[PDB]
Structure formats: C-alpha cells, structure tokens
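As structure tokens, one chain now follows by itself in the form deposited in one PDB entry.
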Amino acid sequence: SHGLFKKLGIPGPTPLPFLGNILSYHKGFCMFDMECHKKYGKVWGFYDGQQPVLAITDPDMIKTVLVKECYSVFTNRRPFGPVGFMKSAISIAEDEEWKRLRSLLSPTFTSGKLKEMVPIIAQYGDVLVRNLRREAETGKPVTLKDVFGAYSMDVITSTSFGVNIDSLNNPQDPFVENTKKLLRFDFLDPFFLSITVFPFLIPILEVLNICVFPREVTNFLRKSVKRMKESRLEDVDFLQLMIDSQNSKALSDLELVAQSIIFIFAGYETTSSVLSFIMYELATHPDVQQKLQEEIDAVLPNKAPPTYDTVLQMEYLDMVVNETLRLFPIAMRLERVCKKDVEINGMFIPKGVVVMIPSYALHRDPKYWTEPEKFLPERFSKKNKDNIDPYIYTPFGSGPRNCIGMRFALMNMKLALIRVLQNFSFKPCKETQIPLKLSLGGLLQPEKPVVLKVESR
C-alpha cells in the first residue's frame, strides 16, 4: 500500500513501515505542511499509517474538490476514531445522512435567525466587562483564554439551550462542568496516533461503547436536553429551532442531542482561542488597537451598545479579524475522502485517497503574501481585499461543507471585541510570550497561554 504515490509520479517523503510519515508530526501539522510545500512544490503525498494523503495547493484544483465535485466525489471527511451515537452529528455524518442533516440545520444559521440572537450575546458581553474590570481594578496580569473561555461558554449555554450562567463566577455549576470537557481533539496525543497506526482497532472500540466523547458528558446532555425538550414542551435558541424543525426526514431526538453537543464542541474552544489570538495581536501592535478603538467609538458613540447593523458597519474590525485568521486558521487543514477514481485538473486520484488542503501553510505562503509572518490588517482593506484568492484564504473552508457556523462565529467574536475595547486597553506583560510560539502539538494554540495587562479607560 505504500507504493501508491510512487506509482502516480507524485513526490513526497519516504514512509517507514506501519508508521508512514507520522514521525514527521514531531513539529506539528503546520510545520510539516510548510516544510513539505517548500520541498515538494504544488502537490505532494504522504501516509498517515497506511492511509495515503495527498496535498494540493492549486486554487483551481481546490475549488473542484471543495465546490464542483463536492457532491459526486469529495463528500465526506476522514474517520478519526470511535464515535458511538455522535456518528449522527453533522460534522461527522456522511453522504446522504449528511445532506439531509445539513438541510435541517441550515435555516437555524440564517442572517435572519442571527439578528435575533444578538441581544442575548450582548447581555454576556456586559457580564464580561464586569469580570474584566474586577481584574483591571486589581492590577494583576490577565489570562485571556480563561476570561474569554468563560465568555464563549456563557454565550453558547444561552444560545443553544437558554440556560443563563455566569460560568466564570459559577465554575462549579454542573451544567458548566460537563460542558467544559468538550475540548478540541489533540490528533497527535498518544491515543489518536495509535488509531492512526491501528485504525483496525477503531471497530473493536465501537463495539465496546467506548467513544472519543466521554460517555458521561454526552449522557448528561442527552437527558438535559430531553428535560428542556419536555419543559418547553409545553410552556429563540438553537434547541428551540431544532425542536421546531422536527415539527414537520425530520430530526430525530438522539439526532437532535448529537447536533447540540457538536455546536458546543464547535463554538467553545474556537471562539475562545480565536479571541485570544486577536488580543495578542492587538497588544503587540498598539497602533492597530488605537485605530480600532476609534472606529468603534465613531459608530457607537458614548460607548453605545453595538447592534447587528452597527457590527457589519465596522470595516477595520473585519480587517483585524480576517488577518488574525490568516496567521491562525485554527482548523489548520481541510480534508475530503475521494469516493471514486477521478481525474481533476489533469491529475488522476485513485479511490479512498484522502485529499488535503494545508490552510496554515497557504495563509503563510510568500508567493501569495508579502511579509507573511507580519501582522498587517491592511491586506483586507476594501482596496486590497479584492486581490486575495478565496481558495488560498480559507479559514472557514469553502463549498457545501464549509463552516455552517461562520456568520454566527464572526458576530459572536466581534460583539465581544467591541464591548471590550470600548472599555479597556491591553498591554503586554513581562511574562507575555513575545513573539508567540505556536504549540508543536496537534492544535493551533499558543505554546504558552497568553497573559496580558488590562487597564480601564
């Protein structure tokens, strides 16, 4: 099985027996990917165990994979481990169950439904401020991922189930506890590496009701939901929206529980981690932070409360957000299984091959980005934003399987940043890691957690 790329005249690094090239993940996906791109060119291959994975960096080729032949050929992502009933979550589901599921949950994420969610996310914007000011009034360096974790959790709890907790001060609410265990997967920790070497063991685990989702969190929420379900039934949030949907092919109950869980998992560490990357960049580029605080005050004078419309109004805000995702695209890669022997843009792809787009590397490619490591929001000026290829810059992926939660993720984050910058300024501490070193692990996240000083305006 290790001769496939050698036969198709595709270049790449040499796979050791059983391991493939996984030993080369010792500097993380990102670094490996950047190195590979440099050595091998526009396309290359490698092996995750016996799994062949082919990399591609041609925007046209990418578009065909992610848009054109999405339905016919490149419809699903790669399996990664045992999942139990979470087999039915949309980000995991495959082919027709997916298309079906994608349909039942899309109206939930309209610009319409989203404009309705704005006042709630706004209320926890406030709760954030109060908590921050408590630390700002006690001149003690702040850990963002905490305060932001607390926030991002606060907004999920309230927008998916309408449970309204100040998780930062109520860390020990059972509803807060279980949900905090739903953290992004380290695909380079002991366990998943083994799965990569012995995927033949995945079935043995499924048959043991072992799941990568801790059996206790899921069981907590399954019943939590079936309570909420039958407390609102009968007597505005994602659950409501999903309960309304199965009031017609219609969403099953366990299906409904599954999605709910994934929304938490999806929004939680991601909204948290991204907000952290942005405060780091703002504090190490004080000019940008000033330019922002002034735009914010112009649209929203007297520290006016942001709205759905005043948010899309702000352009330097969108630029700062976008540039950050360029430097830190927390998905790192996009991936699709090739379900048929196909030929796309002149290249034969055999079946079962996993096709991969190395986002991190591309967002940091000198051939598309002047001074790529530098933090320069002006790349996204309405003057230069046009020059940017949508299939090189893909922080939310692209095509029928792009991030369903993108509009929501972007607003969530911006509503926070405004209210925060309306009130404080963020200054580097001595214990602040400048320049931020990235984790050599399997998540896009800082080597050392970001600590900053905060001051009241």
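Numbers follow the displayed sequence, beginning with 1. Between two forms, the rigid core is the largest collection of C-alphas that superpose within 1.5 Å.
Asker: Please establish whether a third or more of the other compared PDB entries omit coordinates for residue 318.
Answerer: Residue 318: modelled in every other compared entry.
Asker: When the other structures of this protein are compared, and only where the residues around it are present, is residue 168 absent from a third or more of them?
Answerer: No; none of the other entries leave residue 168 out.
Asker: Pick one of none, 1 to 3, 4 to 9 or 10 or more for the number of deposited-sequence residues not modelled between residue 248 and residue 249.
Answerer: Unmodelled stretch: 4 to 9 residues.
Asker: Do any residues of the deposited sequence lie unmodelled between residue 235 and residue 236, and which range holds their number: none, 1 to 3, 4 to 9, or 10 or more?
Answerer: Going from residue 235 to residue 236, the model skips 4 to 9 residues of the deposited sequence.
Asker: Comparing 224-232 with 299-307, where is the mean C-alpha B-factor higher?
Answerer: Higher mean C-alpha B-factor: 224-232.
Asker: Taking the mean of the C-alpha B-factors per stretch from the entry, tell me the winner out of 152-160 and 329-337.
Answerer: The stretch with the larger average C-alpha B-factor is 152-160.
Asker: Sorting 389, 431, 33, 48 by Cα temperature factor from the record, which one lands on top?
Answerer: Of the candidates given, the C-alpha B-factor peaks at 431.
Asker: If you check the C-alpha B-factor for each of 320, 354, 168, 258 in the entry, which is highest?
Answerer: Highest CA B-factor of the listed options: 168.
Asker: Compare the C-alpha B factor of residue 350 with those of the other modelled residues in its chain, then answer lowest, middle or highest third.
Answerer: Middle third.
Asker: Taking the C-alpha B-factors as the PDB entry records them, is residue 279 in the lowest, middle or highest third of its chain?
Answerer: Lowest third, going by the recorded CA B-factors of the chain.
Asker: Test of reading the entry: by CA B factor among the chain's modelled residues, which third contains residue 94?
Answerer: Lowest third - that is where residue 94 ends up once the chain's C-alpha B-factors are sorted.
Asker: Going by the entry, which third of its chain does the Cα temperature factor of residue 192 land in?
Answerer: Middle third of the chain for residue 192's C-alpha B-factor.
Asker: Quick one: classify residue 27 as lowest, middle or highest third of the chain based on its Cα B-factor.
Answerer: For residue 27, the deposited C-alpha B-factor lands in the middle third.
One more form of this protein, deposited in another entry, exists but is not displayed; see below.
Asker: Out of 216, 126, 371, 309, I need the residue that shifts by 2 angstroms or more at the Cα between this form and the one not shown, core superposed.
Answerer: Meeting the 2 Å or more criterion is only 216.
Asker: With both forms fitted on the core, give yes or no for whether the Cα of residue 354 moves by 2 angstroms or more between this form and the one not shown.
Answerer: No, shifts by less than 2 Å.
Asker: Would you tell me if residue 142 moves between this form and the one not shown by 2 Å or more at its C-alpha, with the rigid core held superposed?
Answerer: False for residue 142: its C-alpha shift is below 2 Å.
Asker: Establish whether a shift of 2 Å or more occurs at the C-alpha of residue 278 between this form and the one not shown, with the two forms superposed on the rigid core.
Answerer: Where the cores coincide, residue 278 shows only a C-alpha shift between this form and the one not shown that is less than 2 Å.
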